[PDB]
Each structure stands twice: as C-alpha cells, then as structure tokens.
Amino acid sequence: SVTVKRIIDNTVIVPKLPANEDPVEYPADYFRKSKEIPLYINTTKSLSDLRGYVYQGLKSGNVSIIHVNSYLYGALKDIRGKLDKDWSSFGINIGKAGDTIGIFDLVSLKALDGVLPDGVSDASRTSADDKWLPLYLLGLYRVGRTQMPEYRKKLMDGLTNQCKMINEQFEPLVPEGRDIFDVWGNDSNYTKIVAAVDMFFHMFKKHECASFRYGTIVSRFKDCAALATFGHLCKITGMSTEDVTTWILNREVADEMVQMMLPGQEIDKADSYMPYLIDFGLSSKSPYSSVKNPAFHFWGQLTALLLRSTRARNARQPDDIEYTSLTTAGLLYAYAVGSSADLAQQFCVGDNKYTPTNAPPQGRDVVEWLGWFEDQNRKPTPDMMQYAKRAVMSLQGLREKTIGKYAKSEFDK
Amino acid sequence: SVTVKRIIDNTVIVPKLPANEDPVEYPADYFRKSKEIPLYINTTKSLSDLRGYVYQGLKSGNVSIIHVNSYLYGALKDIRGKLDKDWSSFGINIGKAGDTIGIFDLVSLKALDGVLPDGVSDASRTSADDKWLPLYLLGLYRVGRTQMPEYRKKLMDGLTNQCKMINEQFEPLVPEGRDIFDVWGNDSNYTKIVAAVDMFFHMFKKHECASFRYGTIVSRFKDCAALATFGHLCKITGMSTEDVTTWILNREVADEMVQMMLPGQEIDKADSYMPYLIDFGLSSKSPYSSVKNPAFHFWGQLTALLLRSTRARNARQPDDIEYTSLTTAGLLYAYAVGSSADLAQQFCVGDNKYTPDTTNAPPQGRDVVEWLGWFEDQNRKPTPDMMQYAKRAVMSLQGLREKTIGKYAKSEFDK
Amino acid sequence: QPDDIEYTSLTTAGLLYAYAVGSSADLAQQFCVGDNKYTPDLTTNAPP
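Protein chains in written order, with full-length UniProt numbering: chain V, 2 to 357, 366 to 422; chain F, 2 to 358, 365 to 422; chain D, 318 to 358, 364 to 370.
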C-alpha cells in the first residue's frame, strides 16, 4: 500500500515513523578487517612487584585495572597444553599438529606509559601466586555481572572454591551493585583475557589449571541468549532442529531465525571464537542476543513454559513485539506436542507392538495442525485453553515483566 | 529433513545450534591407559608427630590436608584381612588364594617436599590413635558433602558413634557450608583413601575396624544415581530387570538406558572398582550420573512416585528434558502396575485356585504390548481413570520442596 | 488519559481494532521440508 489517501478530501498522507538502526555485527564479517585480536597488556614491570600492587590494592579497596591485567598476563603465561588434533577458526590458524601453545596465543600488543605506585611495593607476598590469585581476579568477572543479592551467593562459592591451597578470605568489604570491581568488565583488555582463558581451557578441558574456568565461563555465549533458547526448545519438545524450525508460524520470528542461522559463523563448531564474540570485541551488537531476537525469544520461551520448563518462567518479556499472535502460535505448538506423546515401544522379547472431524491430528506435523486449526476457525478451542490453564495455574512466586507472569495472566484467570 | 526451505522466497536455511560435549568416561576404558591407581601420600615423617599435627590442627581450626592424608596412611597400614576367595577387577589382580592384604594394596607413590610446622609437635597425644582418630577424619568426608543443616544431624551421629573408646567431643567450632574441612573432598589424594577404605571393608565386611565404613560409605556409587533409580524402579514395581526395560517408551530414555548398561564395566560385580569410579578418579564424568541420564531419571522417579515411593517425592527435576511425553509414559506404566495386582495364591492345603474361568476395559496383566495397544484404542490420550489414579497418588502429599519431581507431580495431577 | 476528547467513540473504535487483530492470528507456516500447507480450505454473523 505505497499509497494512502484520506477519504474526506482525497489528499495523500504519507505514513512514516522514526528510523531505528542498531544493525548487528557478525563475527566472520570482522576477520575480514583485522586478522588478529589485539590485547593491550600495557606496562611490563616485574611480576613480583605486580603481585604486590594487587594483593595490596585488593585488601585496600582499590587497585588499578591496568595493574591486575598486567599481573594476570604475568602469572598466566604458562604455555601449557599440547594440541590434541589441529586448531583453527575464521581463517586464523591458532595451532597445529602436535604443537604446544599457551593462553595468550591470541595476539599481544603493549601500550601507554602512565601507572601508579613506584617500582616495587610490599615484598611481603610470595608465590602463593599463580596457584590461586589469578582465579580470584577472574572469579570477580562473574560476580561483577549479577545486579542482585545473588552475587553474595556466587562470591560464597567463589571462595569456598578458593580455599584449596592456602585458605584465605574476603578482600573488599563494599557489597557491589557496580562501583567496586564490578566495573572491571568495562575494560576492553580485561574481558579479552577472560575470554582467552575460557576459550583456552574449553579446549584443554583436562588441565590442572582448568579450574580457572570458574567465573570465566559466563563469557562464553555472553549476549547469545536466543541461540540458547532455541537449543532448549528442541531439548524440551523432543523435536529435531529442522522440525522445530517448521513450527515457526509468524514472519518476524522467521526473520529473526533466518538472522541467527546465517552461514559461516561457526556456531555449531566445537571450539571457535564465535562464542566469545562480545568479550574479544569481535562484535558490538550480537546477532544472537535476546533483544535483537525478541519475537523469537518470546515465542520460544512461552512455548517452553507451557511445556513445563522451569528455566522459562523467569525469562524476560520483550517489548514491542506482537504478543497476541505470538502467543496464539505458541499455544498451538505447545498443544500439539503436549497431547501427542512420542510414546513408542523401545525394547522387546520377540513380540513388538505394531501401531497398526474435530478430533485433532495424530502426530506433530505442522501441516496437519495448521489445517486442523483452520477447521477450528483459527480460534483456540476450549481444550487448548484448558491445557494452558493447567500449565500456568499453580505457578507461584512470579517476578513482573517475566513471561511467566505474562503466561499466568493470559491463561489462569 | 537434512534440508529446510523458507516458503516465501525458496531460500535455504540451515538450522544449527551450539555444540555441547561432556562425553562420559567409563571405568574399564581407563584401565586401558594405566594399570594402577596412584596414591600420592607425600611426606613420610613420624606417625607420633603426625598424630600431633592433626590433634592440634583439628582443635585449632586449621590443619593441612597434606598432613591428615599422611596421618591416615600412617594409622591405617594395618595389613589386616585374609582373602576368603580370590579377588580381581578390570584385569588388576588385587589378591589371591588365601593371601593376606591390607587397605593400601591399591598403589602407593610419594611426592613433593614442602610441609608446615617443624619435625615434632606436642607429644601430649598417645595411641588413643588408630582406634578412633582415623574414623573421625574419614567421618568428616560424609559431613562435608551435605549443603544443609542436616549436616549437624550427621555430625551428631558422627560422634555419638565416636564415643566408644575414649568419649571425646567436637573439634572445630565453625559450622560448615564449605570452608572448614568441607573442602577435603577436593583433594584427589584424600578421596582416594576414602574409596580404598570403603572398598576394603566392603570386602572384609566382618572386621573389628570395619566400623570405619561410617562416613566412608557415601563414596560408593557416588555420582551413580541413575543406576540406583533403576534398581528402585524394579523393587518398587515387582518387575524383573528385563521386563522393566521393555516398559521404556521414549527414545532418549532408551538412549540413556543403553548408555548405562554398556558391557564389561563390572556394575553387577560384587566388589569391583566400578562403584568408586569417581573418588579413585577412574572417571571424571560418570556415565551413570543422574545428570547424564535426565530423561531416565525423571521417568523412573515420576513412575515410582505414582507407585507410592517415599524416596521419590524429593528427587530433583532435571532441566531440558521432554516433560509432557516423559510423564504420559510414566503415568501409563504406573497405571498398569497400579491396577493389576500380582495377586496369586502362594500356599495351600490340597486345594489351589486355578485362575481359569472387553473393549475399553484395560489389559489384564502387565504387558507392554497389550497396554500400548489398549492405549492406541484410547486415542493415545490418558483416560479419566488414569487421571483419577494420578490425583489420588499425589494429592495428600504435603511439604514439597520446589524443583522436586514431587512438586512437579502434584501440580500436574492434583489441580 | 487526555482531557477534552471524544471518549466513547474513541474507545469503540479502539475495541474494534483490538478485536480484529486479537482474534485473527497472523499464523502462517514459515519453514518446510517439501510439504507446505496451502491455506485453501459461519457465513453471516461470523466476523471477517
């Protein structure tokens, strides 16, 4: 309808509305540009000194990020780990047959000049060093993300991990909520380390120091929720990835989906850079984010909730999506799966069972159901509605703006 | 459906999703590699000394794990126990033919150099030693696992055991919750001892010192819940292991099942290493874990709950499994067993009852094929009676923790 | 809620729009494996 007229007086009106942008950036379409991920670990002073500046700065309540980065690079240059097979991603050849490589085999540059305290702090601290201090530093990245009292839930375990080797304790005193170290995650060089460590131990899963993954793990697939919800949807319906796809029933979810499955981005790859696209700063607007995949995110999570997901009662409810239709589509999917059990004899002793109008389709086929739905005047039947109710009533403790609370308001009146 | 097209514009889309790994590691496929389980009991200083470092470190509130390990090895080298028959597992020939063997006949190496306090602590403590001190040390392993106030439930008994010989008391002061000794379980060498002790006294069940099993027992079958739930399922339905198997009714439970019954792993063996696969570090991802057998675990426990298990009302409800179908399948199994009593005259006095004598009346016995068929007939949708059966099984359950399959079951069936 | 507007009629109009959208789901098969559903299949007071 490129053209709209106003009947009263036959004049043309041209409906337009404000431009929105934030186009996503994929990982591949970046190793076009550069062919290395720069890590500006700056000053290169003694490790013995650095061990000091931190152990102090920590117990103090302030310590330069610049210093901790440097210290980490210091204690982590263990060139440990022998390449099982080969290893390469996005064209970059990280290692090869038999090779021996270490964490920072992901691209070091140095820079700047200014620092803090002079040359050499309090010698008091020894090689109660690599062992555990880095783990702490990395640990805090995780803790620095959660905005809620749950943080002290993590820090608890964050140190009851800790206690292995020397049995220390707290370091700051100030809660968090953003101010303390909670802002380390804002340092493009810090994150790049967290990512390189996680990516590294994800490969050498088995390694004395692979414990460092604690707290370094929440960087893998950071800002890639949609991919995860899609995964859960398959696991939770029992359907194949291609079958689940066909159950997508509204354009902007298909749009979203097409956007996520763009090829040559290595998402199905074992150990690639793709999962850390954010923390290595490969991309500044993730294509796989839940906010750039709102329709999908809603549909997927709502459906999973009707199918009994616990994960899903707390998902966030996106804004500016087409709720009514998105949820009708979800209901149907959920109803189909919900009433047709896979159910098929699996083992035997010489005697198998050969399985040989408004009653709804037998299996889980989109076409059978779409058609049955037409037959129903494309309006949810009372049974579906009943199904929904028995899935949402008896849910308690629901945070607002969750699609749990949305679902319960919609179905359990 | 290797191929998916988008109708509006006939372009191909290739649905893919993130790779997951954690492949399991079986015990056997390990005694391929090594042929011994290394136990790095390090420093080898006087026992008299060690008895000290701990009795102190304990009353103190800190003591090196390294020390306690060493102490244990010290007081436990009782080479007690005479082999009843023969004994071997996974190729390793542990003993033979009337041999005499002791706990640490499972592979000692020494290592490192650094320690703590000098040469010789407080002589104050004597051979109120072997008797009871080791038991305490081992006892703590158990206590160190439970994350809940139940811990002081165990420690209570953990010492009201204790009281035998000497009548002592508490040692730390600080509760638990991970920090105190609750982290000993993280010491690959500590666990190896716990396992070796348990596996040893499980063989010499009858032995003055076999009391040490207290608290060393929760290492046996550690991280093998699925195997246990399968055992309970049989016991709780009355069915044989092979008949229970046939009642599996969804792929990913069969998958799971097949994974657990992989052959030559010695799971049905009397005294093998298999039960301790985790604490001897034979495997770092158990094939029998409840988390690597989620579908089975759910199905098995839900079914048992419908059949009146108490154990099962508190099992954990796994994530990322196919609930609806998993529970339809469970219901059916539970309904079949639930309505068809074994019921058969067993003793007599010359006069037996020979059992000899519709449509929607459901099958007579407990046969998968009869029922599957009957279920087809029912439009593969649970009938009102089944539904009623479920309700009367879950209503009147009270005190349900969230994320348990007890609470799941009650929400699904007792509206 | 603005003042000095024609509420009753403004909301009748809103209801209708909401009802239309609210009952007619977009709903259309989007992906497939060689078998699409061609939509090709109350006459009076059944709404559009």
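Even for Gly, the Cβ is constructed at its ideal location relative to N, Cα and C.
A Cβ of chain V is located within less than 8 Å of the beta carbon of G339/D. Taking a beta-carbon distance threshold of 8 Å, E26/V does not count as an interface residue toward chain D. Going by DSSP, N70/V is part of no beta strand (DSSP E) but of the alpha helix (DSSP H) stretching over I66 to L77.
Within the segment 157 to 232 of chain F, the runs of alpha helix (DSSP H) at least 4 residues long that lie entirely inside it are, in chain order, 189 to 204.
Considering only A368/V, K398/V, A397/V and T127/V, the residue with the shortest C-alpha distance to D384/V is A368/V. Scanning its chain for C-beta atoms nearer than 8 Å, with the 5 sequence neighbours on each side dropped, one finds around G82/V the residues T101, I102, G103, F201, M204, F205 and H208, in chain order. With fewer than 16 neighbouring CB atoms inside 10 Å of its own CB, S2/V falls in the exposed class. In the assembly as shown, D85/F is an exposed residue. Its beta-carbon has fewer than 16 other beta-carbons within 10 Å. For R7/F, no alpha helix (DSSP H) encloses it; the enclosing beta strand (DSSP E) starts and ends at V5 to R7. Nearest to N94/V by alpha-carbon distance, out of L283/V, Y274/V, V64/V and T411/V, is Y274/V.
Secondary structure at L110/F: strand, using DSSP grouped into helix, strand and coil. In terms of beta-carbon proximity, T12/F stays away from the interface with chain D, with every pair separated by 8 Å or more. Cα atoms of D421/F and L306/F: separation of roughly 14 Å, rounded to the nearest angstrom.
Taking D256/V as reference, the option from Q346/D, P357/D, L364/D and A337/D with the minimal CA-CA separation is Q346/D.
A residue is called buried when at least 16 other Cβ atoms come within 10 angstroms of its Cβ; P295/F meets this threshold and is buried. Of the candidates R214/V, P276/V and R143/V, the residue whose Cα lies closest to the Cα of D183/V is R143/V. Collapsing the DSSP output to three states places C235/V in a helix.
A direct Cα-to-Cα measurement between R309/V and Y72/V gives close to 47 Å. In terms of Cβ geometry, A313/V and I412/V form a close pair [threshold 8 Å].
Counting only runs of 4+ residues, the alpha helix (DSSP H) found wholly inside the segment 229 to 311 of chain F occupies 242 to 247, 252 to 261 and 295 to 307, in chain order. Rounded to the nearest whole angstrom, the CA to CA distance from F299/F to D269/V is 28 Å.
For the segment 316 to 334 of chain F, the set of residues with a beta-carbon nearer than 9 Å to any beta-carbon of chain V comprises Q318, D320, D321, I322, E323, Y324, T325, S326, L327, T328, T329, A330 and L333, in chain order. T329/V places its beta carbon 8 Å or farther from that of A337/D.
Approximately 10 Å separates the beta-carbon atoms of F32/V and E267/V; this is outside 8 Å, ruling out the contact.
Counting along the chain, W378/V sits inside the alpha helix (DSSP H) bounded by residues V375 to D384. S89/V sits away from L40/V, with the two beta carbons spaced by 8 Å or more. The segment 238 to 247 of chain F makes no contact with the segment 313 to 328 of chain F, as fewer than three CB pairs between them are under 8 Å. Inter-residue distance for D131/F and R399/F is about 54 Å (C-alpha atoms, whole angstroms). Interface residue (Cβ-Cβ distance to chain V less than 8 Å): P118/F is not classified as such. For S90/V, the enclosing beta strand (DSSP E) covers residues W88 to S90. For the segment 195 to 210 of chain V, the set of positions with a beta-carbon nearer than 7 Å to some beta-carbon of chain F is empty. Shown here for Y396/V: same chain residues with a beta carbon closer than 7 Å to its own, the five before and five after excluded, namely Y336 and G339 in chain order. Under the 8 Å criterion on CB atoms, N367/D is classed as non-interfacial with respect to chain F.
Residue pairing from DSSP places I93/V in a beta bridge opposite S90/V.
In the DSSP assignment, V116/F falls outside any alpha helix (DSSP H) and carries neither an H nor an E. By alpha-carbon distance to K165/F, the top candidate from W133/F, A98/F and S403/F is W133/F.
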